[PDB]
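With compact mmCIF, C-alpha atoms inside, this is my_file.txt:
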# COMPACT_ATOMS: atom_id res chain seq x y z
CA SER A 1 -1.69 39.36 -13.36
CA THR A 2 -4.44 41.40 -14.96
CA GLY A 3 -7.64 40.86 -16.91
CA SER A 4 -9.64 43.02 -19.32
CA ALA A 5 -13.09 42.20 -20.74
CA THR A 6 -15.61 44.11 -22.79
CA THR A 7 -19.07 44.58 -21.30
CA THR A 8 -22.03 45.08 -23.67
CA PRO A 9 -25.54 46.46 -23.06
CA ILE A 10 -28.23 43.78 -23.35
CA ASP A 11 -30.66 46.08 -25.17
CA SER A 12 -31.13 49.57 -26.60
CA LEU A 13 -31.90 51.05 -23.15
CA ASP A 14 -28.80 49.79 -21.32
CA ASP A 15 -31.05 47.81 -18.96
CA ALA A 16 -28.03 45.71 -17.97
CA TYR A 17 -24.60 44.78 -19.25
CA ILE A 18 -23.16 41.35 -20.06
CA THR A 19 -19.53 40.27 -19.99
CA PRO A 20 -18.24 36.96 -21.38
CA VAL A 21 -16.80 34.59 -18.76
CA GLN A 22 -14.98 31.29 -19.40
CA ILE A 23 -15.94 28.48 -17.00
CA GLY A 24 -14.48 25.00 -16.92
CA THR A 25 -12.25 22.85 -19.08
CA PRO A 26 -12.67 23.00 -22.02
CA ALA A 27 -14.01 26.51 -21.58
CA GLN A 28 -17.75 27.10 -21.54
CA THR A 29 -18.37 30.79 -22.26
CA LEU A 30 -21.37 32.34 -20.52
CA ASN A 31 -22.44 35.99 -20.61
CA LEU A 32 -22.75 37.17 -17.02
CA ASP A 33 -24.10 40.31 -15.39
CA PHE A 34 -21.24 41.73 -13.28
CA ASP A 35 -22.91 42.99 -10.11
CA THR A 36 -21.01 45.11 -7.57
CA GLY A 37 -24.14 44.93 -5.37
CA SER A 38 -24.02 41.18 -4.70
CA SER A 39 -21.47 38.46 -4.00
CA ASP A 40 -22.58 35.24 -5.70
CA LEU A 41 -21.33 33.91 -9.03
CA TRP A 42 -24.29 31.87 -10.26
CA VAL A 43 -25.17 30.43 -13.63
CA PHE A 44 -27.92 28.84 -15.61
CA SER A 45 -26.92 25.20 -15.85
CA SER A 46 -27.76 21.67 -16.90
CA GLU A 47 -29.39 21.46 -13.43
CA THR A 48 -31.79 24.37 -13.99
CA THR A 49 -35.47 23.38 -14.10
CA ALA A 50 -36.08 22.97 -17.84
CA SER A 51 -39.23 25.10 -17.98
CA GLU A 52 -37.23 27.96 -16.42
CA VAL A 53 -34.65 28.05 -19.22
CA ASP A 54 -35.58 30.09 -22.30
CA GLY A 55 -32.63 30.83 -24.56
CA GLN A 56 -29.81 31.16 -22.02
CA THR A 57 -26.49 29.44 -22.46
CA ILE A 58 -26.01 26.86 -19.71
CA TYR A 59 -23.01 25.59 -17.76
CA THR A 60 -22.78 21.79 -17.79
CA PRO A 61 -20.40 20.75 -15.01
CA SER A 62 -20.31 17.10 -16.16
CA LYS A 63 -18.56 18.31 -19.35
CA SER A 64 -15.82 20.13 -17.42
CA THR A 65 -12.82 18.06 -16.39
CA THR A 66 -11.97 20.59 -13.67
CA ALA A 67 -15.45 20.83 -12.09
CA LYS A 68 -15.92 19.37 -8.61
CA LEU A 69 -19.15 19.27 -6.61
CA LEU A 70 -18.77 21.29 -3.42
CA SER A 71 -20.39 18.64 -1.29
CA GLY A 72 -23.34 19.74 0.82
CA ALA A 73 -23.22 23.37 -0.29
CA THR A 74 -26.37 25.18 -1.35
CA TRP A 75 -27.20 28.79 -2.15
CA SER A 76 -30.29 30.97 -2.36
CA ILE A 77 -30.47 34.65 -3.15
CA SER A 78 -33.12 37.33 -3.46
CA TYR A 79 -32.39 40.63 -5.15
CA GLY A 80 -33.73 44.13 -4.57
CA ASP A 81 -35.97 43.89 -7.62
CA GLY A 82 -37.77 40.86 -6.20
CA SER A 83 -36.03 38.31 -8.41
CA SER A 84 -34.38 35.19 -6.99
CA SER A 85 -32.48 32.00 -7.72
CA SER A 86 -31.07 29.01 -5.83
CA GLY A 87 -29.20 25.75 -6.28
CA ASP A 88 -26.03 23.84 -5.47
CA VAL A 89 -22.33 24.57 -5.93
CA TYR A 90 -19.31 23.43 -7.93
CA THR A 91 -15.76 24.65 -7.89
CA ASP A 92 -14.17 25.16 -11.29
CA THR A 93 -11.72 27.30 -13.22
CA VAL A 94 -13.12 30.73 -14.13
CA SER A 95 -11.45 33.25 -16.43
CA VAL A 96 -12.42 36.84 -17.17
CA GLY A 97 -10.59 38.72 -19.89
CA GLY A 98 -7.49 36.56 -19.54
CA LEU A 99 -7.41 36.51 -15.70
CA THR A 100 -7.85 32.99 -14.33
CA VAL A 101 -8.99 31.81 -10.90
CA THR A 102 -8.84 28.12 -10.06
CA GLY A 103 -11.23 26.69 -7.48
CA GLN A 104 -13.83 29.43 -7.91
CA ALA A 105 -17.26 28.66 -6.46
CA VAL A 106 -19.66 28.43 -9.39
CA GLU A 107 -23.21 28.37 -8.07
CA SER A 108 -25.40 26.22 -10.31
CA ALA A 109 -29.04 27.26 -10.46
CA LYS A 110 -31.69 24.63 -9.91
CA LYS A 111 -34.40 27.32 -9.80
CA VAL A 112 -34.63 30.87 -11.13
CA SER A 113 -37.49 33.35 -10.93
CA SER A 114 -39.49 34.48 -13.93
CA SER A 115 -37.52 37.69 -14.55
CA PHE A 116 -34.37 35.63 -15.12
CA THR A 117 -36.11 33.11 -17.38
CA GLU A 118 -37.59 35.94 -19.44
CA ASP A 119 -34.20 37.53 -20.07
CA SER A 120 -32.52 35.31 -22.62
CA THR A 121 -29.40 37.50 -22.77
CA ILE A 122 -28.21 37.00 -19.17
CA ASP A 123 -26.70 33.58 -18.39
CA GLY A 124 -26.03 34.38 -14.71
CA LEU A 125 -24.47 36.90 -12.36
CA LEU A 126 -20.91 37.51 -11.22
CA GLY A 127 -20.96 39.24 -7.83
CA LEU A 128 -18.33 41.84 -7.00
CA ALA A 129 -19.52 43.15 -3.62
CA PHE A 130 -17.79 41.93 -0.44
CA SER A 131 -17.65 38.20 0.21
CA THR A 132 -19.48 38.65 3.53
CA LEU A 133 -22.70 38.81 1.44
CA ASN A 134 -22.11 35.48 -0.31
CA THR A 135 -25.09 33.17 0.28
CA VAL A 136 -23.44 29.74 0.09
CA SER A 137 -24.22 27.56 3.11
CA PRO A 138 -22.83 26.05 5.27
CA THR A 139 -19.43 27.37 4.10
CA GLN A 140 -19.52 30.91 2.69
CA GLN A 141 -17.55 31.34 -0.55
CA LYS A 142 -15.35 34.11 -1.96
CA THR A 143 -16.06 36.29 -4.96
CA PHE A 144 -14.02 36.07 -8.13
CA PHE A 145 -12.31 39.35 -7.20
CA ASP A 146 -11.52 38.19 -3.66
CA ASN A 147 -9.97 35.00 -5.04
CA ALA A 148 -7.97 36.86 -7.71
CA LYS A 149 -6.84 39.76 -5.53
CA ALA A 150 -3.53 38.46 -4.24
CA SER A 151 -2.38 37.59 -7.77
CA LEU A 152 -3.34 40.92 -9.31
CA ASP A 153 -0.72 43.57 -10.07
CA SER A 154 -2.83 45.95 -7.94
CA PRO A 155 -5.84 44.90 -5.80
CA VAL A 156 -8.41 46.77 -7.88
CA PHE A 157 -10.99 46.43 -10.56
CA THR A 158 -12.53 49.16 -12.69
CA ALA A 159 -15.93 49.66 -14.30
CA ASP A 160 -16.16 51.73 -17.47
CA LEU A 161 -19.75 51.29 -18.64
CA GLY A 162 -20.87 52.75 -21.95
CA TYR A 163 -23.94 54.80 -22.79
CA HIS A 164 -25.69 52.84 -25.52
CA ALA A 165 -22.27 51.31 -26.31
CA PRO A 166 -19.84 48.68 -25.04
CA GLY A 167 -17.46 49.38 -22.19
CA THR A 168 -14.82 47.59 -20.13
CA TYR A 169 -14.18 45.79 -16.85
CA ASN A 170 -10.49 45.67 -15.94
CA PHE A 171 -8.90 43.69 -13.11
CA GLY A 172 -5.55 44.49 -11.56
CA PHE A 173 -4.71 47.80 -13.23
CA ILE A 174 -5.97 51.30 -13.88
CA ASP A 175 -6.05 52.25 -17.57
CA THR A 176 -4.88 55.85 -17.45
CA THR A 177 -6.06 56.37 -21.04
CA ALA A 178 -9.70 55.57 -20.15
CA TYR A 179 -10.59 58.78 -18.29
CA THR A 180 -10.02 62.52 -18.34
CA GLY A 181 -8.57 64.61 -15.54
CA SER A 182 -7.88 62.94 -12.20
CA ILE A 183 -9.53 60.16 -10.20
CA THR A 184 -11.08 61.36 -6.93
CA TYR A 185 -11.05 58.71 -4.22
CA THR A 186 -13.61 58.55 -1.44
CA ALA A 187 -14.08 56.42 1.68
CA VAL A 188 -15.99 53.15 1.70
CA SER A 189 -17.90 51.43 4.47
CA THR A 190 -18.01 47.65 4.15
CA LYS A 191 -20.37 47.32 7.14
CA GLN A 192 -23.32 46.23 4.99
CA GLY A 193 -21.17 44.28 2.52
CA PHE A 194 -21.49 46.87 -0.25
CA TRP A 195 -19.25 49.45 -1.90
CA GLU A 196 -20.98 52.05 0.26
CA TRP A 197 -19.83 55.66 0.11
CA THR A 198 -21.11 59.21 0.72
CA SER A 199 -21.67 61.63 -2.12
CA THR A 200 -21.13 65.28 -1.24
CA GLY A 201 -24.23 66.62 -3.04
CA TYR A 202 -25.94 67.28 -6.31
CA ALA A 203 -27.05 69.75 -8.94
CA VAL A 204 -29.90 69.67 -11.45
CA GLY A 205 -29.05 70.94 -14.92
CA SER A 206 -27.21 74.25 -14.78
CA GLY A 207 -28.48 74.88 -11.25
CA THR A 208 -26.44 75.58 -8.16
CA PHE A 209 -24.77 72.66 -6.37
CA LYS A 210 -26.46 71.60 -3.13
CA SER A 211 -23.94 70.38 -0.56
CA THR A 212 -25.52 67.49 1.29
CA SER A 213 -24.30 64.04 2.31
CA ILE A 214 -25.92 61.17 0.40
CA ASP A 215 -24.92 57.70 1.57
CA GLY A 216 -25.36 55.05 -1.09
CA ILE A 217 -23.87 52.08 -2.90
CA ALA A 218 -21.99 51.79 -6.20
CA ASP A 219 -24.02 49.03 -7.86
CA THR A 220 -23.35 47.93 -11.43
CA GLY A 221 -26.19 45.40 -11.20
CA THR A 222 -28.88 48.06 -10.70
CA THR A 223 -30.03 49.88 -13.85
CA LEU A 224 -31.21 53.21 -12.41
CA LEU A 225 -30.14 55.91 -9.97
CA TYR A 226 -32.14 55.73 -6.70
CA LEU A 227 -31.87 58.78 -4.45
CA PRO A 228 -33.81 60.40 -1.61
CA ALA A 229 -37.29 61.64 -2.44
CA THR A 230 -36.30 65.27 -1.87
CA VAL A 231 -33.49 65.06 -4.46
CA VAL A 232 -35.61 63.18 -6.99
CA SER A 233 -38.49 65.65 -6.66
CA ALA A 234 -36.09 68.54 -7.24
CA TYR A 235 -34.86 66.87 -10.44
CA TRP A 236 -38.24 66.04 -11.96
CA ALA A 237 -39.67 69.47 -11.06
CA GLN A 238 -37.42 70.77 -13.86
CA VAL A 239 -39.18 68.62 -16.49
CA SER A 240 -42.55 69.94 -17.70
CA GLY A 241 -45.23 67.31 -17.28
CA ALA A 242 -43.15 64.88 -15.22
CA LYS A 243 -44.98 63.17 -12.36
CA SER A 244 -44.72 60.21 -10.06
CA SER A 245 -47.08 57.48 -11.17
CA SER A 246 -48.06 54.88 -8.59
CA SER A 247 -49.57 52.75 -11.37
CA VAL A 248 -46.34 52.71 -13.41
CA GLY A 249 -44.07 52.50 -10.36
CA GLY A 250 -42.11 55.73 -10.46
CA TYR A 251 -41.51 59.02 -12.19
CA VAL A 252 -42.57 59.29 -15.80
CA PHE A 253 -42.18 62.19 -18.18
CA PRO A 254 -43.38 63.22 -21.65
CA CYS A 255 -41.32 61.55 -24.32
CA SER A 256 -41.19 64.98 -26.05
CA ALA A 257 -39.10 66.42 -23.19
CA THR A 258 -35.45 67.36 -23.25
CA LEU A 259 -34.07 66.15 -19.89
CA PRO A 260 -31.65 68.20 -17.80
CA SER A 261 -28.36 66.74 -16.64
CA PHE A 262 -27.80 65.59 -13.07
CA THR A 263 -24.52 66.21 -11.24
CA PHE A 264 -23.33 64.27 -8.19
CA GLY A 265 -20.43 65.13 -5.91
CA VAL A 266 -17.43 62.93 -5.16
CA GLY A 267 -15.49 64.88 -2.56
CA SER A 268 -14.77 68.23 -4.21
CA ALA A 269 -15.14 66.66 -7.67
CA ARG A 270 -18.28 66.49 -9.79
CA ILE A 271 -19.65 63.80 -12.13
CA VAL A 272 -22.17 65.00 -14.71
CA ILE A 273 -24.85 62.60 -15.95
CA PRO A 274 -26.15 63.92 -19.30
CA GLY A 275 -29.91 64.24 -19.58
CA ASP A 276 -30.14 61.59 -22.28
CA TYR A 277 -28.75 58.98 -19.84
CA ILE A 278 -31.89 59.51 -17.72
CA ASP A 279 -34.31 58.51 -20.53
CA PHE A 280 -35.55 54.90 -20.30
CA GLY A 281 -38.04 55.23 -23.10
CA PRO A 282 -41.74 54.54 -23.46
CA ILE A 283 -43.41 52.83 -20.51
CA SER A 284 -45.05 50.45 -23.00
CA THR A 285 -44.59 50.12 -26.74
CA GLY A 286 -45.96 53.16 -28.56
CA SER A 287 -46.62 55.20 -25.42
CA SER A 288 -45.69 58.88 -25.24
CA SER A 289 -45.02 58.53 -21.51
CA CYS A 290 -41.37 57.73 -20.82
CA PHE A 291 -39.81 56.15 -17.74
CA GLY A 292 -37.30 58.15 -15.76
CA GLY A 293 -33.79 57.02 -14.92
CA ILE A 294 -33.68 58.81 -11.54
CA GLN A 295 -36.14 57.33 -9.05
CA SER A 296 -36.84 57.56 -5.33
CA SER A 297 -35.06 55.22 -2.94
CA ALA A 298 -37.78 55.73 -0.32
CA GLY A 299 -38.75 52.28 0.92
CA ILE A 300 -35.67 50.60 -0.58
CA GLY A 301 -33.79 51.52 2.56
CA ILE A 302 -30.63 52.52 0.72
CA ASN A 303 -29.60 54.91 -2.03
CA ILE A 304 -28.22 53.21 -5.14
CA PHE A 305 -25.75 54.67 -7.61
CA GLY A 306 -26.69 52.26 -10.38
CA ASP A 307 -25.71 52.18 -14.02
CA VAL A 308 -27.27 55.60 -14.84
CA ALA A 309 -24.71 57.19 -12.53
CA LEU A 310 -21.79 54.82 -12.98
CA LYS A 311 -21.79 54.94 -16.79
CA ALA A 312 -21.06 58.69 -16.59
CA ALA A 313 -17.74 57.88 -14.87
CA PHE A 314 -14.65 55.72 -14.85
CA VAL A 315 -15.02 53.93 -11.50
CA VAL A 316 -12.24 52.33 -9.45
CA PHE A 317 -13.18 49.64 -6.94
CA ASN A 318 -10.07 49.64 -4.74
CA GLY A 319 -9.85 46.44 -2.72
CA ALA A 320 -6.79 47.38 -0.70
CA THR A 321 -6.76 46.55 3.02
CA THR A 322 -8.90 49.65 3.54
CA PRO A 323 -11.14 49.72 0.47
CA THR A 324 -11.97 52.97 -1.33
CA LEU A 325 -13.87 54.06 -4.46
CA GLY A 326 -12.51 56.31 -7.18
CA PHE A 327 -14.44 58.32 -9.75
CA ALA A 328 -13.17 60.17 -12.83
CA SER A 329 -14.94 61.89 -15.67
CA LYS A 330 -14.39 60.39 -19.12
Hey, can you dump this file as structure tokens for me?
Amino acid sequence: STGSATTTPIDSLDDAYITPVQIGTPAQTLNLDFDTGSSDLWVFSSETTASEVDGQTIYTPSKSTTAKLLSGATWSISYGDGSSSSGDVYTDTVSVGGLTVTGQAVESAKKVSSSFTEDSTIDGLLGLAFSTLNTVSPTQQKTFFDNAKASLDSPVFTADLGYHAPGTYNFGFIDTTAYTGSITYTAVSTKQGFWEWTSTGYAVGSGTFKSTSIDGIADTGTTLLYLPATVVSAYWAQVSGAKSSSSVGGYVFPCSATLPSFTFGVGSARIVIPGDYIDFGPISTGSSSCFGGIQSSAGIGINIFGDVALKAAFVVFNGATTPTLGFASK
């Protein structure tokens, strides 16, 4: 089997991407944030504290003939950005782009933090990291991908995120029309539960490539590119007037700037992030200070190849017995 679904930016900045997901019988379609940095499929629901729902579409398990309470199971998750959610668990039928999993754990939110409430466009998350990170207790649950894997034509999924445009998540096949050149594969460590890999270096604009190992995670659920302070300083030094602002929470730059590109290495291959992908617009409405899309990972504890990086590539998440990651230009 295979599946193919379009993923759409939630706003004009590509702050996140939503993908329609069918849950239950008859189908209830929710728009979920596919997150290769976490491993829970959770949804706004009829159980979510009413004051914490503001415009989201909810899953109502009592209206699904295939929903079953997973008795005694609870979940609770906290994300890198400080947001959180928790609740109880159902199993139900879940379909993405025509690919169906029966008995998928659907984690129903009883509580969500303010950042989730305030984002009316995101109805929940669909985790695509390794199932070892799943938070369900006392019996850990599998991700949608882990459940689908054996049935797929090939044990892979791909992320093809657009810049200010829709893109695609495919399951079970590699669309050879969706990228240029070849796909370069690179080793993955699953030790921390992430799609963790080592970039071979970087360049800023038309500058020379610096060969240096940068360990980080491929994370579709993180908006920006978070890299070591040395790398980030070297980038922003090429933008007149750019500075790190403790009050804003990162590097800002004059909205009048033209940003240089940023290149990262994948083995001997190179992925080029155009400068415009690094512009996240005014820090507040009407400001001439703009927020940068490359930020320091210092104090996160890990480097994160988030959407800024991933949307410059066609990315293969290879879930073979020994997982690997592939990157192609597009």
### Message
I'd like the contact shell of segment 2-15 of chain A - 10 Å cut-off, all atoms listed in the file, skipping same-chain residues fewer than 5 positions apart - returned as number ranges by chain.
### Response
A: 20-21, 31-34, 95-100, 119-122, 148-149, 151-173, 221-224, 277, 279-281, 307-308, 311
### Query
Do you know which residues are at most 8 Å from residue 305 of chain A counting all atoms listed in the file, after dropping those on the same chain fewer than 5 positions away, and could you put them as an MDAnalysis selection string?
chainID A and resid 216:219 222 224:226 310
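We find atom CA of residue 274 of chain A and atom CA of residue 261 of chain A to be spaced 4.5 Å apart.
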### Message
Within 10 Å of (-7.2, 62.1, -8.2) (file coordinates; only C-alpha atoms), which protein or nucleic acid residues are there? I'd like them as a PyMOL selection string.
### Response
chain A and resi 181-186+269+326-328
#### Entry: Residues within 6 Å of residue 23 of chain A, all atoms listed in the file, excluding chain neighbours under 5 positions, as a PyMOL selection string
chain A and resi 28+93-94
### Query
With all atoms listed in the file as the atoms that count, which of A:215, A:57, A:260, A:314 lies nearest to residue 175 of chain A?
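Of the candidates, the smallest distance to residue 175 of chain A is held by A:314.
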### Message
Need to verify the contact set: residue 80 of chain A, 10 Å, all atoms listed in the file, exclusion of same-chain residues closer than 3 positions in sequence. Can you return it as a ChimeraX atom specification?
### Response
/A:37,83-84,222,300
### Task
Fewer than 2 positions away in the same chain doesn't count, so skip those; otherwise give me all residues within 8 Å of residue 77 of chain A, counting only C-alpha atoms, as a PyMOL selection string.
chain A and resi 75+79+84-86+135
### Message
Please list, as a PyMOL selection string, the residues that have an atom at most 7 Å away from (-30.5, 30.4, -15.6) in the coordinates of this file, counting all atoms listed in the file.
### Response
chain A and resi 43-45+48+53+56+109+112+116-117+123-124
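Here atom CA of residue 125 of chain A and atom CA of residue 92 of chain A stand 15.7 Å from one another.
With distances taken over all atoms listed in the file, A:102 is the one residue among A:177, A:114, A:245, A:102 lying closest to residue 147 of chain A.
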### Query
Of the candidates A:306, A:294, A:196, A:286, which shows the shortest atom-to-atom distance to residue 231 of chain A, using all atoms listed in the file?
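For residue 231 of chain A, the nearest of the candidates is A:294.
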### Message
Could you tell me how far atom CA of residue 71 of chain A sits from atom CA of residue 27 of chain A, in Å to one decimal place?
### Response
22.7 Å
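With all atoms listed in the file as the atoms that count, the minimum distance from residue 106 of chain A to the choices A:319, A:250, A:201, A:24 is reached by A:24.
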### Summary
Closest of A:178, A:50, A:150, A:41 to residue 131 of chain A, counting all atoms listed in the file, is A:41
Would you place a box with edges along x, y and z of the file around all atoms of segment 227-245 of chain A listed there, add 3 Å to each of its six sides, and report the centre and edge lengths in Å to one decimal, as lines of an AutoDock Vina configuration file?
center_x = -39.5
center_y = 64.1
center_z = -9.7
size_x = 21.2
size_y = 19.3
size_z = 22.1
### Task
Considering all atoms listed in the file, state which residue in the set A:38, A:211, A:62, A:76 is at the smallest distance from residue 137 of chain A.
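Closest residue, counting all atoms listed in the file: A:76.
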Fill-in result for segment 76-91 of chain A, N, CA and C atoms as a PDB file, in the frame of the given file:
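Final file, selection_20.pdb:
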ATOM      1  N   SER A  76     -28.962  30.427  -2.102  1.00  0.00           N
ATOM      2  CA  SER A  76     -30.290  30.970  -2.360  1.00  0.00           C
ATOM      3  C   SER A  76     -30.203  32.468  -2.163  1.00  0.00           C
ATOM      4  N   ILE A  77     -30.638  33.211  -3.168  1.00  0.00           N
ATOM      5  CA  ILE A  77     -30.470  34.650  -3.150  1.00  0.00           C
ATOM      6  C   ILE A  77     -31.743  35.321  -3.625  1.00  0.00           C
ATOM      7  N   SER A  78     -32.026  36.473  -3.030  1.00  0.00           N
ATOM      8  CA  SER A  78     -33.120  37.330  -3.460  1.00  0.00           C
ATOM      9  C   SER A  78     -32.564  38.723  -3.670  1.00  0.00           C
ATOM     10  N   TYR A  79     -32.929  39.336  -4.786  1.00  0.00           N
ATOM     11  CA  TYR A  79     -32.390  40.630  -5.150  1.00  0.00           C
ATOM     12  C   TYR A  79     -33.401  41.740  -4.880  1.00  0.00           C
ATOM     13  N   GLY A  80     -32.912  42.976  -4.881  1.00  0.00           N
ATOM     14  CA  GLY A  80     -33.730  44.130  -4.570  1.00  0.00           C
ATOM     15  C   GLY A  80     -34.948  44.280  -5.452  1.00  0.00           C
ATOM     16  N   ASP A  81     -34.869  43.765  -6.674  1.00  0.00           N
ATOM     17  CA  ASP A  81     -35.970  43.890  -7.620  1.00  0.00           C
ATOM     18  C   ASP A  81     -36.991  42.762  -7.486  1.00  0.00           C
ATOM     19  N   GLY A  82     -36.820  41.920  -6.472  1.00  0.00           N
ATOM     20  CA  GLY A  82     -37.770  40.860  -6.200  1.00  0.00           C
ATOM     21  C   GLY A  82     -37.452  39.542  -6.877  1.00  0.00           C
ATOM     22  N   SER A  83     -36.429  39.531  -7.727  1.00  0.00           N
ATOM     23  CA  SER A  83     -36.030  38.310  -8.410  1.00  0.00           C
ATOM     24  C   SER A  83     -35.216  37.423  -7.467  1.00  0.00           C
ATOM     25  N   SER A  84     -35.043  36.162  -7.851  1.00  0.00           N
ATOM     26  CA  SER A  84     -34.380  35.190  -6.990  1.00  0.00           C
ATOM     27  C   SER A  84     -33.887  33.989  -7.777  1.00  0.00           C
ATOM     28  N   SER A  85     -32.977  33.244  -7.159  1.00  0.00           N
ATOM     29  CA  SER A  85     -32.480  32.000  -7.720  1.00  0.00           C
ATOM     30  C   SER A  85     -31.837  31.182  -6.596  1.00  0.00           C
ATOM     31  N   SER A  86     -31.659  29.887  -6.837  1.00  0.00           N
ATOM     32  CA  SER A  86     -31.070  29.010  -5.830  1.00  0.00           C
ATOM     33  C   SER A  86     -30.555  27.730  -6.478  1.00  0.00           C
ATOM     34  N   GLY A  87     -29.698  27.006  -5.766  1.00  0.00           N
ATOM     35  CA  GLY A  87     -29.200  25.750  -6.280  1.00  0.00           C
ATOM     36  C   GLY A  87     -28.078  25.169  -5.444  1.00  0.00           C
ATOM     37  N   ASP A  88     -27.174  24.464  -6.123  1.00  0.00           N
ATOM     38  CA  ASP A  88     -26.030  23.840  -5.470  1.00  0.00           C
ATOM     39  C   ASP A  88     -24.738  24.430  -6.049  1.00  0.00           C
ATOM     40  N   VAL A  89     -23.585  23.873  -5.700  1.00  0.00           N
ATOM     41  CA  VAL A  89     -22.330  24.570  -5.930  1.00  0.00           C
ATOM     42  C   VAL A  89     -21.257  23.624  -6.438  1.00  0.00           C
ATOM     43  N   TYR A  90     -20.512  24.085  -7.439  1.00  0.00           N
ATOM     44  CA  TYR A  90     -19.310  23.430  -7.930  1.00  0.00           C
ATOM     45  C   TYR A  90     -18.136  24.367  -7.724  1.00  0.00           C
ATOM     46  N   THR A  91     -16.933  23.822  -7.670  1.00  0.00           N
ATOM     47  CA  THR A  91     -15.760  24.650  -7.890  1.00  0.00           C
ATOM     48  C   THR A  91     -15.227  24.328  -9.279  1.00  0.00           C
TER      49      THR A  91
END
